[PDB]
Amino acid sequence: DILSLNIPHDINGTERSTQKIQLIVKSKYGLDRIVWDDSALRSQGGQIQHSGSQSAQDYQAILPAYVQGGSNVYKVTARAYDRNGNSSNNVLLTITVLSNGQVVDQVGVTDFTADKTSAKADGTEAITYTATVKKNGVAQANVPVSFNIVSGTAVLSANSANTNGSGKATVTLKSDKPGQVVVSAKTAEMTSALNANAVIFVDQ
């Protein structure tokens, strides 16, 4: 009744982008300032800063670079103060960082990796690929993933599989010919498939 702060929306954005923060303040005596703990962002070189306008509630987040294999989720807090020195609750804002190649709010393949970098070219040894599907960093269950050989000569065990409860779908690759092979994974919302790193089948 005297002073409240609400943050209606968390932030999901591309690494190194600037993201405006929406604050909703109600203050009987008048807002004086917002005070932030952004130490989680600063651990990776991001920050929360005033947008430079004349408004005491106009802030933005500078997102850090994406950390491969990292959390990429940053929890920061804001507290409003009024002109009498009262404060609001210390309110949580969650900032999730996506890599340059990913799309905010999309159900998309974020990772597509193989268990081996090489295999024998005997048409028998299998390289197993795992695709992870997330939306804003959260794994998505039961999503169909389409698999395709982009280049090279090989055979996929299947052309589509649905993700499990951990957001993962798998397929195997075999080849009778030596050479490099690139396999890709895609979900329906993506604009193009995500290529895995090349693997090589070797004669021996």
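In this text, residue numbers run from 1 along the sequence as written.
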- Quick note on 133-141 and 44-52: per-entry mean CA temperature factor is higher in 44-52
- Note on the structure: Of 117-125 and 96-104, the stretch with the higher mean C-alpha B-factor in the deposited entry is 117-125
- Specify which of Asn86, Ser71, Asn90, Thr110 carries the largest Cα B factor in the deposited PDB entry. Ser71
- Message: Per the entry's Cα B factor values, which of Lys26, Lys174, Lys168, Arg33 stands out as the maximum?
- Response: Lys174
- Within-chain third of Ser157 by Cα B-factor, per the entry: highest
- Sort the modelled residues of this chain by their C-alpha B factor and say whether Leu194 lands in the lowest, middle or highest third. middle
- Query: Going by the entry, which third of its chain does the Cα temperature factor of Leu3 land in?
  - Reply: middle
- State the tercile, meaning the lowest, middle or highest third, of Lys186 with respect to the CA B-factors recorded for its chain. lowest
- Assert third(CA B-factor, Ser39) within chain per record equals middle
